[PDB]
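Single chain ahead, written as structure tokens, the form deposited without the partner chain.
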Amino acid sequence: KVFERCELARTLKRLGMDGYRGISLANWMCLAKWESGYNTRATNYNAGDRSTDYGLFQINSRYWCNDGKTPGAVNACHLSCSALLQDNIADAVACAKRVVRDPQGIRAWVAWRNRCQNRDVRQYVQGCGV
């Protein structure tokens, strides 16, 4: 599923992402935008290390979910990576919450540093009523 901006903003707020571990909703929106373009079925294979990024938040199979083919991987979210490809983003949100519970927080995603950090991210939630 490809979410429309405000639709996703309202969904994430309902799922308790606003201010989760100090991360504003606008930051989560900026992250989803640059990671998948709000697309839940997006997959990206990293030929360099044999891991794959899955879904809305492009969560990596080496540490967060299990896909069975990634060498030396753990599955911290205790989920099959298939779960991160559903239209229902409940599981993806619970895993995204798990990721930021680590010391790095939102910085775990390099796209966030490049495209969201120290920027005016207000645009991602403007007019959405959240």
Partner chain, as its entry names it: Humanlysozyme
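Positions refer to the first chain, counted from 1.
Between 89 to 97 and 36 to 44, the higher mean Cα B-factor belongs to 36 to 44. Stretch comparison (99 to 107 versus 57 to 65) by mean CA B-factor in the PDB entry places 99 to 107 on top. Highest CA B-factor among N27, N75, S82, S51, as stated in the entry: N75. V125: CA B factor lies in the highest third for its chain, per the PDB record.
Ranked within its chain, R21 lands in the middle third, by CA B factor from the PDB record. Among all modelled residues in this chain, the alpha-carbon of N118 has a temperature factor (C-alpha) in the highest third.
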